Amino acid sequence: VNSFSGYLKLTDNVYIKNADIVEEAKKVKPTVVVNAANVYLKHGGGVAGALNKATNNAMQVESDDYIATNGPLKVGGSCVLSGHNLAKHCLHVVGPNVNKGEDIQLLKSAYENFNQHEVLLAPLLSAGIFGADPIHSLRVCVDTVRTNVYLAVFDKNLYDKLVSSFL
Ligand SMILES: O[C@H]1CC[C@@](O)(CNc2ncnc3[nH]ccc23)CC1
Ligand SMILES: [Cl-]
């Protein structure tokens, strides 16, 4: 039993809700919140910009030190950093950005990072400003993640389409 509330159950391990991931994280304080990161951990917009804003830019400050030490992530890769005031940890995961021409096949690799954590609050990877089809992202999530994932979908119209089209 966990404290996630109001989710629709899609499969044994995948759950979905129309919610602002920032507000969900503040309420639940999950062990892991997933960020829709880029390889430079520049949290300018989308989910990343919103999460970082909610940390009063502390996420960005920590991220800049991480990059200065380690260099950029790989597309499809991840790193674990602090969750600041939102969660114990933030798993920064880089899905492919279609608006940069990146290979959508890397979306499966990106979701594999979730399997290193027993329970996560997450957005749909490569959705929104990353330009992928969110219906496809949900399919890859369900077919790749085996740990317990609670998906927050900001857009109510999109949430309803994801549910009604889910096979
Ligand atoms: O087009 C849709 C695709 C999924 C998404 O859910 C991605 N972006 C977010 N997902 C959850 N919480 C959030 N807060 C700010 C941004 C944000 C919405 C756009
Ligand atoms: Cl977005």
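Remember, it's 1-based here, ligands and their atoms both numbered in the order they're listed. Values below: every heavy atom of this structure, side chains too, minus hydrogens, waters and symmetry copies. Each residue takes its place number in the sequence, starting with 1.
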Q. Below 4.0 angstrom, N of the basic side chain to O of the carboxylate: do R146 and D12 qualify?
A. no
Q. Is the gap between the ring centers of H89 and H117 under 6.0 Å?
A. no
Nitrogen or oxygen contacts under 3.5 Å, ligand 1 side and protein side:
| from | atom 1 | to | atom 2 | distance (Å) |
| --- | --- | --- | --- | --- |
| ligand 1 | 6 (O) | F154 | N | 3.4 |
| ligand 1 | 12 (N) | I21 | N | 3.0 |
| ligand 1 | 14 (N) | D20 | OD1 | 3.3 |

Q: Indicate yes or no: at least one non-hydrogen side-chain atom of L41 is less than 4.5 angstrom from one of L73.
A: yes
Q.
Restricting to salt bridge (charged side-chain N to carboxylate O under 4.0 Å, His left out), what partner residues turn up for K156, sequence neighbours left out?
A. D160
Q) Do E23 and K26 meet the salt-bridge criterion of a basic N to acidic O distance under 4.0 Å? A) yes
Q: Indicate the ring-plane relationship of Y15 and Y150, choosing parallel, tilted or perpendicular according to the 30° and 60° boundaries.
A: parallel
